[PDB]
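Beneath this line is the structure, given in structure tokens, with notes to follow.
Residue numbers (PDB author numbering), protein chains in the order written: chain A, 866 to 913; chain B, 2 to 1045; chain C, 98 to 241; chain D, 722 to 817; chain E, 50 to 145; chain F, 290 to 337; chain G, 674 to 721.
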């Protein structure tokens, strides 16, 4: 359980980084990701 | 290529992935001085306390050997049997055998041979281990108050420290240097005879009075119905005090008076063994030998060990100190820091040779981003293939910067060249230029792998060392070709400023750029010179032949090696007294060795860890070793202050004063390697013929080896000469008559003179051995046999003289066995002029005339070298076929590829030149170095031949014209890479202090190799093409004038 | 199934039984093998001049050939078509009864009169101050 | 938790005085109170154990130690309380 | 057999544990010491470790502590097994 | 009589056995010829 | 592993009947198999 908890911050951080990098690569714009990335807390607020 | 030229962010995404993946790698990646390289070896160790060498061989050694079967991947098996009572059997396995499976397979064939070994051996134990002799760190513990003996210290180390260290992260093994306490019972024969008792009685009593007796329990199941209570019934339990062991009763006299062990023996806590007296600067000392856990970090473990040691600091008894005679970590830290410094300084020199040549700030930042991506990404691929950060993989990268740097310069130059030549916008100029160099880079990638990959496929130990360099370089090289096709074309198109058609920057600046004017003349000077001497071409090919034959003579007369020694801040002298010498006679000599290093080498020597009893030739009172720790390099400035000189003056300082033989030397790079120019020979008894007959045969070979001083030098046996020994015959007949048990006779002798492990007892919550042995002063001289009495059946005491006689004789203190059969190991080396294979063929000749029934075999490095020497021509044969096939494909001819393949000798001639003139040696760092120089020699030539043909095929440019254009437009980037590469290798060539041995070997050959190769190929490659391309028919097209 | 692990796993259990087997069995050598069933090959050995008997040849093969073959990787099991030599004491019951002797007395004697004895050392460790001599003490060695 | 432990101190001194064998007294207290695994037998074709242990009613309380006798060297039987002391101790049955 | 918890810990358990060093992918160790002389030392390994390799590495280290253990213990037999922890099922048998 | 270890290659093991015997032969007693009365291997070679 | 049309049968004492009872049961099965020659051939004990 301790492992599950302690690992989590790193999990989200790298997951968010990946998505960003994927969007940047696919849609050639460097700012397209920025916008869609700001939509994360809009979903997370619901889960909470 | 054109894909990412239009997609800068995609190219940035891949760069970031490679940066963070390679960044993750470096962060969490194993670090060690070297990787595992020696083939897996398992050692079976045993001790029969008090046994002679024959007793162990015929009782244990032969028995275990006779059972080592149905075990997979066995290469060979050797064994020692000492008159110290120890047996060591070593099994060696194929490279790439799983060491754990091997160890299991061994430890349980042995497991089925246990019931066949004698009981004393069985209770003493038989160890099975992996034999990796590489210690991470040897820790020593001393008492500065002189309050406790080495036995006293060794116990504290065990009971209060050893377990704590073994828990530490990355600690793979912890070996105690010394003995735990053991209950020591020192028998007095006079006192034994007075109360009519023998050692046998002492033993019986201890086994009766120091035991654990199972009892039962109150209210035990099955119980009575309505049972009140359940509790364990505790009977007799093991004794604890020295006092308790004193109290144990032995016999009650007719007058009721008592006889206790106390009365017949001295009783005290002491050593499990007394063979080794370890000392630190003359002081009694214990220690711990720590090995690095597989997969773990050498640096992080070293810090963690010291921190765990810091925790226990206040907890120690008065005046007890932890000290560090050995630590691999200081030296590994320097290796790592000095390689990064090299790599960092390389890129900085790329910035400068780029700026003070292209004079543009944003253009120079491209390689500054390009290469660190490649270097970061190389770590990722290493991590992917289970590799570690070590000396070999570190110098694998520094040995490769020339290729990565070149990939960055080539891509950038072409764009800046095209713009200053045609006047295209950056985006189109990169698009055009990549078109020119696309095929070239994919070709060179296939070519370069074809010269590096094959060396990974070398067999055995060396093959494992080369595998390190091979996979390292290929991984970096291939990444720098992928970066050159993806990121660098994007960086040239999206952050490069245009230059106006035919600019060349001539004039313009004042305080910053005046060199341009001077540079444009020298390129015209070189295009005219090359073009000029393209008439008299046939006479230049002759000069090329001198380069080939000159290379051939240097290739022969250059001494061969594996890895250069380093000043590792540590070395050791070894001490060899004549056979039969005492512990004390050796300790005398050792103390003088200590005195020398502390008086006469005060400034350089930190400490002397003297070990009395353990040598490398064997074990015994006879031999010792003195391990020397130094002040760190920062304190020892001169070449007279480094290990080299210190060891040579030490041998000097001991040769002209001693009665005992005293070498002095330092440890090899990998602490299990051969002597390069040296061999390992094993003489074998293949018929009945015994030890003596074998000694006769050895003596015959050794004498014959001396007949040839030109071929073999210091060829000698590795084992030990026959020594005198005192033999006691029991007259069975007289023993029977008097009424003494033949068993009682043997154990009274044994236990007295040799010792006997009776029981275990529990010292301060810890299980520890109980030994019964004679007090020192009753087991010294043959005359002392007369002190010892045995009790007869009728109950009266009988001296040995009544039933035994005795005499002296020559026996063997060390019997050797190879693959089951009696062996005698012979070492030796190939004399100054000749090679190892030459000396080996002569040995086989010399052995071929020994007596009928005597055989031989090569072991160790000589066995390795045999089964992995049949590859060096065979593999590089496949290299040059594949290279030709790639170049044929890259171009469109079976003839054109030859023009670049003839560049090989141009680099080698410089490498050989440099190393010969530096008095250096051809070794691993040199071999890989060669392969790098050849890499750029090919890489430079491929592009020049390419550019020449592109003008000839696409533009119809004349043969003699196109080659001149090619050599002119590529003179720039060739000179660029070369100057930055040579000046980046600059600190490596003239290097002192730690790591310099490897640093020089890498640098020297690579610098000289580049100097010639580049300041030679600029003339030869254009020549090669014109020579080659003139053996092609003119029927379809006339190779001289325009076409399209 | 991984034969290495198979054979490992068995033997972990076998050792649990091992000490319960009668001494006579243990000292005859329990063996645990991972072999095919059928023979790969049979290597035969003969004498061309007949200058040795077949029990002679069997002893040679056992004492000079078997162990190295059996150690060879990939060699799963080896059977000897014959027997290695042993000291054979062919008892006579009339002669034994004659002298009030039983096989027990014979065995008890051999055990005592054919032995390797660890006998310690002259000037062995730890010694007194000023010891100059150090050598092995030899006693009884196996008969030949 | 920490169970009581019934400690028996067999006096090696008085035992030799009486003529009883040290082993004889040991392997009798064991077999009585702890039971003893002697050797094996064949039950319906399966090898099973043979045990020798005291009847339940003679191994339940400290006062039962009296019930047991050891034969001395001469041939007479000796009670346990002629050569044995007994008391109570403490300790755990499960050390983690 | 028959030894108490304290006697078996510092005699068997503790000895085995000391040599239970230098084994790949070990997460943690726990052990018990019985009044019935029973000892169980469990090595829990890193997630996704190859259990059969873990077993081998463990028993290789065990067999080094074996000599140092009591004769009674060595001959009672020391097991090395991949362990579970809880039962899949309990199969019961009764008479109707 | 020799049996293959499980999983071992027949021809390799055979090759090694011969190569082992090769070492031993030169040290034989007078007229102690080796003979090859049963070998499954030659078939495998020839057959393939 | 396998002969043209052969099988490998194992008769098993599962009630502690003993060697001599098992032997009688073997004989019963073997005699019964002989009565059916149109189905089985050479139905034999592999033992001694």
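Note that beta-carbon positions come from the ideal geometry of N, C-alpha and C, so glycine has one too.
(request) Taking only beta carbons into account, state which residues of the region 102-132 of chain C come closer than 9 Å to chain E, listed in chain order. (result) From the region 102-132 of chain C, only 102, 105, 106, 109, 110, 112, 113, 114, 115, 116 and 117 have a Cβ closer than 9 Å to chain E.
(request) Would you decide whether residue 277 of chain F is buried or exposed? Buried here means 16 or more other CB atoms lie within 10 Å of its CB. (result) Residue 277 of chain F falls outside the range modelled here, since chain F spans only 290 to 337, and no answer is possible.
(message) Is there a C-beta anywhere in chain C that falls below 9 Å from the one on residue 729 of chain B?
(response) yes
(message) Taking 9 Å as the threshold (C-beta atoms), are residue 430 of chain B and residue 331 of chain B in contact?
(response) By the CB criterion at 9 Å, residue 331 of chain B and residue 430 of chain B fall outside the cutoff.
(message) Could you check whether residue 548 of chain B and residue 974 of chain B sit closer than 9 Å to each other, using their CB atoms as the reference points?
(response) Taking the C-beta atoms as reference points, residue 548 of chain B is found no nearer than 9 Å to residue 974 of chain B.
(message) So, under 8 Å CB-CB, residue 291 of chain F and residue 175 of chain C are touching, yes? Tell me the CB distance rounded to an integer number of Å.
(response) The Cβ separation is near 6 Å, so the contact holds.
(message) Taking CB distances under 9 Å as the criterion, tell me whether residue 895 of chain B reaches chain A.
(response) no
(message) Can you confirm whether residue 764 of chain D, when its beta carbon is compared against all beta carbons of chain G, has any partner nearer than 9 Å?
(response) yes
(message) Strictly below 9 Å CB to CB, what residues from chain B border residue 181 of chain C?
(response) None at all; the shortest Cβ gap to chain B is about 10 Å.
(request) Could you work out which residues of chain H lie near residue 777 of chain D, taking near to mean beta carbons separated by less than 7 Å? (result) No chain H appears in this structure, whose protein chains are A, B, C, D, E, F and G.
(message) I want to know whether the region 369-389 of chain B touches the region 452-460 of chain B - three or more CB-CB distances under 8 Å.
(response) no
(request) Throw me the rounded Cβ distance for the residue 421 of chain B and residue 526 of chain B pair, which I believe falls under 8 Å. (result) Residue 421 of chain B to residue 526 of chain B, Cβ: 19 Å. No contact.
(request) Let me know the secondary structure DSSP gives residue 260 of chain B once reduced to three states. (result) In the three-state reduction of the DSSP assignment, residue 260 of chain B falls in the strand class.
(request) Could you tell me how far apart the beta carbons of residue 142 of chain B and residue 287 of chain B are, in whole angstroms, since I believe they sit closer than 8 Å? (result) Between the beta-carbon of residue 142 of chain B and that of residue 287 of chain B there is about 5 Å, and that keeps the pair under the 8 Å contact cut.
(message) Classify residue 910 of chain A: buried if its beta carbon has 16 or more other beta carbons within 10 angstroms, exposed otherwise.
(response) exposed
(message) Judging by CA-CA distance, which residue of B:908, B:976, B:481 and B:97 is the nearest neighbour of residue 556 of chain B?
(response) Relative to residue 556 of chain B, the option among B:908, B:976, B:481 and B:97 whose CA is nearest is B:908.
(message) Between residue 747 of chain D and chain B, is any beta-carbon pair separated by less than 9 Å?
(response) yes
(message) Between B:623, B:266 and B:181, which has its C-alpha nearest residue 777 of chain B's C-alpha?
(response) B:266
(request) Give the residues of chain F in contact with residue 856 of chain B, contact being defined as C-beta atoms less than 7 Å apart. (result) 316
(request) Could you pull out every residue in the same chain whose Cβ sits closer than 8 Å to the Cβ of residue 104 of chain C, ignoring the five residues on either side in sequence? (result) 129, 130 and 131
(request) Determine, using beta-carbon pairs with one atom in the region 631-650 of chain B and one in the region 554-570 of chain B, whether at least three such pairs fall under 8 Å. (result) yes
(request) Could you tell me the boundaries of the beta strand (DSSP E) in which residue 626 of chain B lies? (result) 620-631
(message) Would you say residue 698 of chain B lies against chain F (beta-carbon separation less than 9 Å)?
(response) no
(message) Does residue 1046 of chain B pass the burial test, meaning 16 or more other C-beta atoms within 10 Å, or should it be called exposed?
(response) This structure does not reach residue 1046 of chain B, given that chain B is present from 2 up to 1045, and the question cannot be answered.
(message) Looking at the strands, I want to know which residues DSSP matches up with residue 825 of chain B.
(response) Its beta-bridge partners are B:684.
(request) For residue 184 of chain B, write down the residues that DSSP places opposite it in a beta bridge. (result) B:270 and B:771
(message) Relative to the C-alpha of residue 324 of chain B, which candidate in B:311, B:1003, B:652 and B:335 has its C-alpha closest?
(response) B:311
(message) Residues of chain B with CB closer than 7 Å to the CB of residue 239 of chain C, please, in chain order.
(response) Chain B residues near residue 239 of chain C: 59.
(message) Count Cβ pairs between the region 840-849 of chain B and the region 667-687 of chain B that sit closer than 8 Å; are there 3 or more?
(response) yes
(message) For residue 712 of chain G, report the span of its beta strand (DSSP E) as first-last.
(response) No beta strand (DSSP E) contains residue 712 of chain G, which DSSP labels as neither H nor E.
(message) I'd like to know whether the C-beta atoms of residue 606 of chain B and residue 186 of chain B end up nearer to each other than 9 Å.
(response) no
(message) Can you pull the chain C neighbours of residue 292 of chain F, defined as C-beta to C-beta under 7 Å?
(response) 132, 133, 136, 137, 173 and 174
(request) Please compile the residues from chain B whose C-beta is within a distance smaller than 8 Å of the C-beta of residue 64 of chain E. (result) Chain B residues near residue 64 of chain E: 768.
(request) For residue 524 of chain B, I'd like the list of residues in its chain whose CB is within less than 8 Å of its CB, leaving aside the five on either flank, ordered along the chain. (result) 969, 972 and 973
(message) Residues of chain B with CB closer than 8 Å to the CB of residue 886 of chain A, please, in chain order.
(response) For residue 886 of chain A, the C-beta contacts it makes with chain B under 8 Å involve 14, 17 and 18, in order along the chain.
(message) On the CB-based measure, 16 or more other CB atoms within 10 Å of its CB, does residue 734 of chain B come out buried or exposed?
(response) exposed
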